[PDB]
Amino acid sequence: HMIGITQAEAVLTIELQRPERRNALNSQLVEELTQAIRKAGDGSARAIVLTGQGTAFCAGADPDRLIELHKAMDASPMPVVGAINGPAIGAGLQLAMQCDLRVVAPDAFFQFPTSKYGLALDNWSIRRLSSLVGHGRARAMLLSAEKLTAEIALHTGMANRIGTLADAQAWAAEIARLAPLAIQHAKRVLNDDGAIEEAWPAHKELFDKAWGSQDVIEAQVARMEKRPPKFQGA
Amino acid sequence: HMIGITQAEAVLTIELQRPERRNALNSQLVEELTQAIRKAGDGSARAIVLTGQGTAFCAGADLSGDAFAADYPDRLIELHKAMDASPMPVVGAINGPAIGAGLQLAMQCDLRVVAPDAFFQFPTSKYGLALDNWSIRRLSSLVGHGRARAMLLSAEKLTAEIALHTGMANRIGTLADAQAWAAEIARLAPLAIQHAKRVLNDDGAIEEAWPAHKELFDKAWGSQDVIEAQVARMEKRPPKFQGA
Amino acid sequence: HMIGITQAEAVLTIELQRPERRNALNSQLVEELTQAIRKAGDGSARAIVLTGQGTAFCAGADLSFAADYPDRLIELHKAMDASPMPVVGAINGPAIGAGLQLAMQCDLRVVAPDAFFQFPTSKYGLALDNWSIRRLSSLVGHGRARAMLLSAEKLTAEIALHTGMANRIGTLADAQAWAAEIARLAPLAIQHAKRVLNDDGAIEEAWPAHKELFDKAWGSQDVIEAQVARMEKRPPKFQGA
Ligand SMILES: CCc1ccc([C@H]2C[C@@H](C(F)(F)F)n3ncc(C(=O)NCc4ccc(F)cn4)c3N2)cc1
Ligand SMILES: CCc1ccc([C@H]2C[C@@H](C(F)(F)F)n3ncc(C(=O)NCc4ccc(F)cn4)c3N2)cc1
Ligand SMILES: CCc1ccc([C@H]2C[C@@H](C(F)(F)F)n3ncc(C(=O)NCc4ccc(F)cn4)c3N2)cc1
């Protein structure tokens, strides 16, 4: 009900189907996406294409099931080509970064608005981001909610190519003709670059402090009222 | 004496004021910067802009006439420790060349807004010196490992243009631009910023020298080549290196 | 017999001279390179230029003591890694497979306009050592490394310059003039910086799952299918076993 699944050649296309909420991840969508990734190998598919219906790839969230989704993607023997058709924001950016490769629409952008919201990310989100946009641009994205445009994303390697869903499927079909064991090996080693990192004690303290703070409430109220937030640092 | 401090909106601008030596660091200047970083939170500032007076951001280290030159490297370590530990984001307004200790200082900032005119350089290979591990790892994270090799192995200058390319510069801009950005950042959720800063700084750049590193670090600093480079500059002639 | 060694100023130029096979590595070529790197400091040189004769820098591994060859190759990298001399790779053409590994083991790279770099391992069903993957990642950026490794995509010289894999675009002559400058720098500064830069964590032992997948790749029928398909000029039909 929340995703579409089709297969052409040896490519499985999984489409996020909550366009009315710009494909925000809820429970049912996260669960169905998990099952789809897990069952992806059951037929004859050798590559996956992951994309969103409508104008957004994924506008955010709407932690346990979510963590299991990332685990399923990280553990999958098949390469996932993200056809990032539009904005990938927050949990949506996380999802885009968990893809093995990325084909990005010219109007798509990437963003962690966490500093606007008073929240804090897990270490993997931060490390994978630094690896993909470079540490310097990661600092700006993390510390000041900077948007990463399709064009800058191509410049840094966050986007592998700029193009359409059709382009992503053409590339996925090529990839599906390559040697699956070579692909599996390279995927495992690359994912084990150290991005998958347990929070240090001081990170967890700061994480819990941010999440449990009064500023989280102030950010929601100001955004809901479309007015500038008066944060307190508590 | 050697630094200026103003506050506007919620931005604390700290200005290195030793323009006669192109803002080159020594004992006193480093001490006064440390204090200013540490005190920066007392009022209601939520961001720091760090910049230099005149044509230079910081051209390195001088130490001649410095009564406590011996304590310089330790006080410099303390400055870096204070910037790392500071809850506020530091926006480096790199108004001009950042060389040696100045590039280190620029890299310790959280964000960088760079003058079209500025460049970054580690001239260590010209002087026979060796860098701490952090300097090498933070540079690699900022310019990419490939460019970091050319910078360290051949004293390659990094222009503002290429700095923007790689991410070393987040923006090419003036002090004014840096300050407007800092004003925006000072309006974001301080506790989110605190978390991200700590995680980002804990990427592993802060790394203890391995035993072979320390061995090579001491051979370089202890070498006659270091003396030769200083003499050569002073005599305005190419240095004749010996590898000892 | 299989390398050329010349010295001008304080720059030793080592030339891979097997152009008929696009400078592909075999035991004798690896052994002679190893010796040339090891003894490069015996005279008065303080910088090394490494380059290929003809159109290619190094197209890969040949073999056609070939069971005593992966060991010899590891030794070449060790000697390059341990060398006090900075090695400027003049990448005069394609660097592929073991050629790409060799190019990355260089301290700096000056790359010809028509040169490209490539790991075609996913086309052949093979798996790389961890270092090849980590060092590639550091040089082209994690994103591009993913495309190169999961899809065998080539990296052109212009993109190499963009990422830092190429420090400059230029000729062998450019690389030699650059090396002559570096040879006038302080050797102990260079030695330290090289050691730390190489000790970035790229020299990584394979994790358990890395080794499992690596052995499974190298022992698979798919390696065979890849070869037979090339010899039959036809699409491979891999089985994932
Ligand atoms: C194996 C591949 C893999 C599996 C999971 C992740 C991320 C995904 C991200 C999600 F997408 F789910 F949002 N995510 N969100 C929260 C967490 C998380 O790890 N929480 C524990 C924690 C406690 C305290 C603290 F301070 C920091 N972290 C987490 N892991 C990345 C890669
Ligand atoms: C936590 C935040 C933080 C604190 C300090 C640093 C750097 C700054 C740099 C300076 F800017 F000061 F120059 N710097 N310079 C020298 C050292 C240093 O630590 N020396 C001990 C040592 C001995 C032998 C060896 F081989 C290498 N290192 C050192 N630390 C970076 C981050
Ligand atoms: C100190 C500087 C240094 C020395 C050697 C290397 C690489 C070079 C590369 C070559 F260019 F030779 F091909 N190479 N090839 C194979 C191996 C290797 O170490 N294999 C063991 C292994 C076990 C399990 C597994 F899963 C993968 N590999 C290996 N090491 C890198 C840096």
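When a ligand or atom number is given, it counts from 1 through the structure's own listing order. Letters A, B, ... are given to chains in the order of the sequence lines, protein chains preceding strands, and every chain is numbered from 1. Scope of the values below: all heavy atoms of this structure, side chains included, with no hydrogens, waters or symmetry mates.
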One pair per line, please: each N/O atom of ligand 2 matched with every protein N/O atom under 3.5 Å away, atom names first, then the distance to 0.1 Å.
from     : atom 1 : to      : atom 2 : distance (Å)
ligand 2 : 14 (N) : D132(B) : OD1    : 3.4

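With sequence neighbours left out, the salt bridge (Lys or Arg N to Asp or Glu O under 4.0 Å) criterion links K209(A) to no other residue. Under the salt bridge (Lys or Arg N to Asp or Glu O under 4.0 Å) criterion, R198(B) pairs with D84(B), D202(B), not counting sequence neighbours.
Residue pairs meeting the salt bridge (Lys or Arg N to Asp or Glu O under 4.0 Å) criterion with at least one member in residues 57-73 of chain A, sequence neighbours excluded: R18(A)-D62(A), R21(A)-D62(A), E68(A)-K71(A).
Relative ring orientation between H203(A) and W200(A) is described as parallel, the plane-to-plane angle staying below 30° on a 0-90° scale split at 30° and 60°.
Among the candidates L29(B), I94(B), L25(B), the single residue satisfying the side chain to side chain contact (heavy atoms under 4.5 Å, CB included) test with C58(B) is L25(B).
Atom OG of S76(A) sits about 8.5 Å away from atom CD of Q184(A), to the nearest 0.5 Å.
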